[PDB]
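This report refers to the structure that appears directly beneath it.
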Amino acid sequence: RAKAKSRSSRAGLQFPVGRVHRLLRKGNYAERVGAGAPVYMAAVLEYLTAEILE
DNA sequence: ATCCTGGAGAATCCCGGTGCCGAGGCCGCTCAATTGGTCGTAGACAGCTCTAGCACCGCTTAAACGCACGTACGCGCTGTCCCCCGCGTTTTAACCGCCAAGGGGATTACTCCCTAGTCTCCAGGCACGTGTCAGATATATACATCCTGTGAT
């Protein structure tokens with residue numbers, strides 16, 4: 001049994017990834033969401049967040 | 001009428017202290033993320049067809065290009081006038097803090113029933129084919145609108 005590990009850490013991100021994946025698959029955006037979509041998106045939201053805050 | 005200091009008079013910035021309540025860090029806990037395995041089908045891939053988008057040619061001709069004339073428009077200048085602005089005094093009700101009441105939003109537990117998912121069967125709707133009528137084209141005639149002269153007022 002591997003230890004549970006936050007994806008944000010894995011991706012080197014501060015924004016949550018599992019949650020983004022979760023949001024993407026529902027809200028009825030699509031029947032299915034690919035593994036790399038949540039990750040790509042989390043990076044984008046984080047990037048923009050940084051620009052405004054900076 | 002317009003430029004140049006120099007002062008007076010507010011208004012706005014900076015300085016230092018009060019004090020408060022909103023941010024920031026800590027603890028419990030709970031339920032949403034993670035893991036791990038199974039199933040099946042959406043998407044990747046290769047192959048093939050053949051539509052339709054590119055390139056080229058020559059001819060016809062309606063649009064585009066450039067020029068010359070002249071005048072309606074844009075622009076600047078002047079003067080009137082009147083209607084906003086800025087100030088001061090009076091009047092209003094917005095805001096604040098406190099209180100009480102209760103209406104309606106939020107959560108809980110439970111149960112159907114109203115939908116998704118399945119299979120079967122047939123007729124409603126799309127791709128193709130064919131015929132002819134509506135609208136486009138072109139001809140020619142007649143009516144309506146526009147712009148100088150021309151007399152009347």
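Going through the structure tokens in order, the chains are called A, B, and so on, while each chain numbers its residues from 1 and the ligands are numbered from 1 in the order shown.
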
Please report as a tab-separated table every residue of chain B lying within 12 Å of chain A, along with the nearest atom pair and their distance in Å (one decimal), using only C-alpha atoms (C1' of nucleotides).
```
residue	atom	partner	partner_atom	distance
B:32	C1'	A:19	CA	9.1
B:33	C1'	A:18	CA	6.9
B:34	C1'	A:4	CA	5.0
B:35	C1'	A:4	CA	6.8
B:36	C1'	A:1	CA	8.5
B:42	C1'	A:32	CA	10.1
B:43	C1'	A:34	CA	12.0
```

Tell me, which residues of region 10-52 of chain A carry DSSP alpha helix (DSSP H), written as an NGL selection string?
:A and (10-11 or 18-25 or 36-52)

Who sits within 8 Å of residue 15 (chain A), only C-alpha atoms (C1' of nucleotides), same chain under 6 positions skipped, as a list in words:
residues 8, 42, 43, 45 and 46 of chain A

To one decimal place, how far is CA of residue 50 (chain A) from CA of residue 14 (chain A) in Å?
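Taking CA of residue 50 (chain A) as the start and CA of residue 14 (chain A) as the end point, the length is 10.7 Å.
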